[PDB]
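Same order as they appear, the protein sequences are chains A and C.
For the first sequence, the deposited numbering assigns the number 89 to the initial residue and increments by one for each residue that follows.
For the second sequence, the residue numbers in the deposited numbering are 8 to 86, 90 to 442.
Built from N, CA and C at the ideal position, the CB exists for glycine as well.
Below is one structure, written out as C-alpha cells; comments come after it.
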Amino acid sequence: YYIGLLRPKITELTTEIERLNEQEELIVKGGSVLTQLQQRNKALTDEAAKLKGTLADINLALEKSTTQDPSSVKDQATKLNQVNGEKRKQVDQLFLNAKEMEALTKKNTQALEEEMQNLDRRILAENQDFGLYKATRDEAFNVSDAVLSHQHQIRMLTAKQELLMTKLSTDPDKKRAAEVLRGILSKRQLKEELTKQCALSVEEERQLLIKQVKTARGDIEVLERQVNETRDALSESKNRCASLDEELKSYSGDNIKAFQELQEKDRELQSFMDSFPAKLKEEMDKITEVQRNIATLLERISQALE
Amino acid sequence: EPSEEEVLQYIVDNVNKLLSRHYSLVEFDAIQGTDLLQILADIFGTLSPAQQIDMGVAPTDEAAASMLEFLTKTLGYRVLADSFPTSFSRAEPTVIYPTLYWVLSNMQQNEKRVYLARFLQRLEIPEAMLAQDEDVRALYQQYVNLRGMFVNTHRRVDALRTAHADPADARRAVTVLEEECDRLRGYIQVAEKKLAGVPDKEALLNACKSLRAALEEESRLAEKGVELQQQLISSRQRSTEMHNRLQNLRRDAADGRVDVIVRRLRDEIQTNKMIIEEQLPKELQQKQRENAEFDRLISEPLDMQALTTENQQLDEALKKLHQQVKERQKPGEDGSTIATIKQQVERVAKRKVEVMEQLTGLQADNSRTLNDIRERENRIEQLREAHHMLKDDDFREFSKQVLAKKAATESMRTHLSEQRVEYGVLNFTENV
C-alpha cells in the first residue's frame, strides 16, 4: 500500500535527475561554444576591417583612374610619405615638449602642496576651525578644477573642429553644406530655447524672471567683491615683480665679476697660507742644524786642545 | 511604503504581464468576488498545474481554504491570525491585494519553492512495515539516497547554470559579422569588377593603396599634433592656476583669520559656480554636437536636400515661435506688458556681464604678472646657483675676512723673516 507509492516517486525523481544532468552537459557544451565564438568574433572583426580596406583601395583607384596614372599616384604618395616623416618628427617634438610642461606642472603642484601643509599645520596649532578651512578649500579647488577641465575640453573641441573645417574645404559642395548645417544647429538651439519659453504661463514666466533678477543682483554683488579682491592681489603681484627685478639689478654687469675677483683673491691667499706651515717647520730644522754645526766647530777646536 | 495607488498599479501591471491580459485600472478594480479569487488562482496556475481551478463552478469555501494552504505552506507567507482565513474566504481586497503584491513580487522564489515542494517532501512513514520486510526498506533506502543525489546534482547544476552566461547575444553578433563580411566581399566583387578595364590594373591599385595609407597617416598625425598642442596649453594653464593658488595661500596666511579666508573662498567658489553650473556645460555640449555633426557629415555622403528642408522647416517654425512670443507681450488686463520685466532683466544682465568681464580681465593680468614673477624668481635662482655671490653685509664680512687673511700672511711672513735673521746670526756665530 506504500510500495506502489515508492515506485512512481522514485521514477519521477530519477527522471528529473536525468533532466538535470542533461542540462549540466548542455551548460558545458554552451561554455565551450561561447569560448569558440569569442575567438571567431575577434577573427571576423579583423577580417572585416581588412575587407573594408581593400574595398577603399579599389574605390580610390576608381576615383584616380580617370585623371591620374599609376606613376603620378605613386609620386603623390611618396611626396606625402616624406612629408609625413617630417611631420612625424614635429609631432614627436610636441610630445616631448608637452611631457616636459606636464612634469613642470607636477613639480609646481607638489611645491604648493608643501606650503599648504605648513600653513594648515600653523592654523591647526593656533586652534582655529581647521575642518572648515580644509572643507571650503577642497570645495574651492574642486570647482576650479571643474572649470579648468571644461575649458580644456572646449579648446580641444574647437581645435579639432578647425581640422574638420579644413577637410571640408576640399569640396566646395560640402563646404557650403557645412556652413548651412552650422545654421541648422543654431536654429535648432533657438527653437529649443523659444519652445522652452512659450511652454510656460506668462504669470509663471514673470515669476521666474523676478527670481532671476534677484539672483542676478546677488551675483553682481559677489562679483564686485571679487573685482576688488583681485585688484588687491594684482597690486601685490606688481610690487613683487618690481621688487624682484630690482633684486635682479644687483647681479647685472660688473657686480658678478667683482665678487668673482674677490673670490680669486681669497683662494690665492689661502693657497699661500697653506704653503706657509711646512716650509716654516723645514726652515726651523735647518736653523737648528746650523747652530748644531756651531757647537760642532767649537767643541772640535776645544777637543784639539784637551 | 507604497500607497494603495502604487500597489494597485503594481498589481495590475504584473497581473497583465504574467497572464498576458490588458486590464485597465478601473477594470481590475472592478474585479471583486470569486472572480478576484480566480485571478489569484490563475497566478498560482502559472506556478503549479495542480492549482488550476475554475472558481466559477467550485465549492468556494473549500477551494479558497485549499488556496490559502498553498499560499501559506508551499509559497511561505503568513500574517490578524483569526480574521485572515475568514476574510480571505471573502474576496476582501484589504487582504487580497497585499497577497497579490507579495506573490507578484517574489515570483522567482515561488518558482523555486514549488519545484522543491514537488520533489523533496511528503514522506513521514513510521518504520513498522519498514521493519517488517527489508525489501521495501531497501527500496526506501534507494529513494532517500536518490534524494541525496538530487540535492547534490541540483545545487551543483544551479550554481553552474547561473555561473555560465547565455551565448544568445554572442551568436547574434557573430552571425551579424558573418553577414557583414559577406556583404563586404560582394561590394568588393562589384568594385574589382568595375576596375577590370583600367589601363594598368595592379599598378594603379598598388599606387592607390599606398596613397591611401599615406592619407590616413597624414590625418592621424594632424590629429595627434592638435591634441598634443592643446594638452600642452592646458598643462601650462594648470601651472598658472597653481601659481594663483600659491598667491592666495600667502595672502591667506597673512590673516590667520580662518573666518575671513572662508568668506573670500566662498565668494570665489560661487563666482566659479556661476560659469560651471550652466554656461560652460552648454558651450561644451554645443561644441561636442557641432563636431559630431561634422564627423557625420564627412563620414557619409551628402543629400543637401534633406538639410535644406530642415532649414526651411526651422525658418517657418521660428517664425511661429517669434510671433507667439510677441503676442505674449500683448498688454494684459492691467495694461502691464511682460516686456517691462524683460527690460529689467536685460539691464541687470548687461551689468553682470560687464562686471564679470572686468573681473576676468583683472584675473588675466594677475596671472600674467604672476607668471613673470616666476620667470624672475627662476633666473635669480639660476644665478644664485651658477655663482654664489653675496653683495650684502655678508659681502663686507667676507671682504673683512680676506683683508685679515692678507694681514695674517704678512705676519707669518715677518715671523719667518725673524727666524731667518736668527739663522743668519747663527751662521755668522759659526763663522768665528
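Relative to the C-alpha of residue i, which residue among the options is closest?
i, options, result
"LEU187/C", "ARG380/A, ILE272/A and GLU135/A", "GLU135/A"
"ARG270/A", "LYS297/C, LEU331/C, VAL431/C and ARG28/C", "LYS297/C"
"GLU343/C", "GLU309/A, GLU291/A and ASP320/A", "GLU291/A"
"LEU332/A", "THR96/C, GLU391/C and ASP36/C", "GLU391/C"
"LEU114/A", "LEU170/C, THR319/C, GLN354/C and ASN155/C", "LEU170/C"
"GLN45/C", "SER55/C, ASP61/C, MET159/C and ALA264/C", "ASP61/C"
"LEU205/C", "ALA144/A, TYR90/A, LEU236/A and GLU106/A", "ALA144/A"
"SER31/C", "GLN39/C, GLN16/C, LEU25/C and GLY40/C", "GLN16/C"
"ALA175/C", "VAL268/A, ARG209/A, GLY118/A and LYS263/A", "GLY118/A"
"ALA302/C", "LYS337/A, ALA165/A, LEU251/A and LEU207/A", "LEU251/A"
"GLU312/A", "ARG361/C, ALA71/C and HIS29/C", "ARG361/C"
"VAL268/C", "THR193/A, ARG210/A and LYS345/A", "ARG210/A"
"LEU182/A", "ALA414/C, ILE243/C and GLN280/C", "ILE243/C"
"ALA223/C", "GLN170/A, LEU94/A, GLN111/A and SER153/A", "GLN170/A"
"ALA321/A", "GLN142/C, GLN241/C, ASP262/C and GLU227/C", "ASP262/C"
"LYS122/C", "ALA148/C, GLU102/C and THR53/C", "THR53/C"
"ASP362/A", "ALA418/C, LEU78/C and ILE135/C", "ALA418/C"
"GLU76/C", "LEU43/C, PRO66/C and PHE98/C", "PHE98/C"
"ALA138/C", "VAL146/C, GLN131/C and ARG132/C", "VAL146/C"
Looking at the structure shown, is residue i part of a helix, part of a strand, or coil, going by DSSP?
i, result
"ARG100/C", "coil"
"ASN301/C", "helix"
"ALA175/C", "coil"
"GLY63/C", "coil"
"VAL167/C", "helix"
"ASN327/A", "helix"
"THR376/A", "helix"
"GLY306/A", "helix"
"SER232/A", "helix"
"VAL154/C", "helix"
"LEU187/C", "helix"
"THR224/A", "helix"
"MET252/C", "helix"
"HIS398/C", "coil"
"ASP210/C", "coil"
"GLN285/A", "helix"
"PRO108/C", "helix"
"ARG28/C", "coil"
"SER160/A", "helix"
"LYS279/A", "helix"
"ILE271/C", "helix"
Around the C-beta of residue i, are 16 or more other C-beta atoms found within 10 angstroms, so that it is buried, or is it exposed?
i, result
"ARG225/A", "buried"
"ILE106/C", "buried"
"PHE304/C", "buried"
"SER245/C", "buried"
"residue 61/A", "Not covered by the structure: residue 61/A. The range shown for chain A is 89 to 394."
"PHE438/C", "exposed"
"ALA383/A", "exposed"
"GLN257/C", "buried"
"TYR433/C", "buried"
In chain C, what lies closer than 7 Å to residue i by C-beta?
i, result
"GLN127/A", "Residues of chain C passing the Cβ test: none, with the nearest at roughly 10 Å."
Which residues in chain A sit within 7 Å of residue i, going by Cβ to Cβ distance?
i, result
"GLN368/C", "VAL315"
"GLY158/C", "What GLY158/C touches in chain A: nothing, since even the nearest Cβ is about 11 Å away."
"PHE129/C", "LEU101 and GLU104"
"residue 465/C", "Outside the shown range of chain C, which is 8 to 442, sits residue 465/C, and nothing can be said about it."
"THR281/C", "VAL310, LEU311 and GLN314"
"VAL272/C", "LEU220, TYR221 and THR224"
"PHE94/C", "Residues of chain A passing the Cβ test: none, with the nearest at roughly 33 Å."
For a contact meaning CB atoms closer than 9 Å, what does residue i contact in chain C?
i, result
"residue 445/A", "Since the first and last residues shown for chain A are 89 and 394, residue 445/A lies out of range."
"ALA392/A", "The premise fails here: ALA392/A is roughly 16 Å from chain C at the closest Cβ pair, so nothing lies under 9 Å."
Under 8 Å Cβ-Cβ, which residues of chain A neighbour residue i?
i, result
"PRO291/C", "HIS238"
"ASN301/C", "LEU245, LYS248, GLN249 and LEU252"
Please list the partners that residue i has in chain A, where partner means a Cβ-to-Cβ separation under 9 Å.
i, result
"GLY235/C", "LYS175, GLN178, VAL179 and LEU182"
"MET252/C", "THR193, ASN196, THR197, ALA199 and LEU200"
"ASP375/C", "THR318, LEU322, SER325 and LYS326"
"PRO177/C", "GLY118, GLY119, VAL121, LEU122 and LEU125"
What residues from the segment 124-152 of chain A come within 7 Å of chain C, judged by C-beta to C-beta, listed N to C?
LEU125, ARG128, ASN129, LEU132, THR133, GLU135, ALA136, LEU139, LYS140, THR142, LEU143, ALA144, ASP145, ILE146, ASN147, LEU148, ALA149, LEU150 and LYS152
According to a CB-to-CB cut-off of less than 8 Å, which residues of the segment 424-436 of chain C neighbour chain A?
Residues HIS425, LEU426, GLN429, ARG430, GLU432, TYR433 and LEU436.
Under 8 Å, CB to CB, which of the residues in the segment 320-354 of chain C have a partner in chain A?
Residues passing the 8 Å Cβ filter: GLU320, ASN321, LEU324, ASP325, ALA327, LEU328, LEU331, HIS332, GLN334, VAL335, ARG338, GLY342, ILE348, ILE351, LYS352 and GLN354.
Between the segment 29-48 of chain C and chain A, which residues of the former have a C-beta closer than 7 Å to a C-beta of the latter?
The residues in question: there are none.
At a Cβ cut of 8 Å, what residues of the segment 352-363 of chain A count as close to chain C, listed as they run along the chain?
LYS353, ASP354, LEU357, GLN358, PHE360 and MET361
Using a Cβ-Cβ cut-off of less than 9 Å, give me the residues of the segment 239-250 of chain A that come near chain C, in sequence order.
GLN239, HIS240, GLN241, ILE242, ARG243, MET244, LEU245, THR246, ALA247, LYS248, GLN249 and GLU250
Short of 7 Å Cβ to Cβ, which residues in the segment 281-302 of chain A face chain C?
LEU282, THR283, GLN285, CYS286, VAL290, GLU293, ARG294, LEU297, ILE298, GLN300 and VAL301
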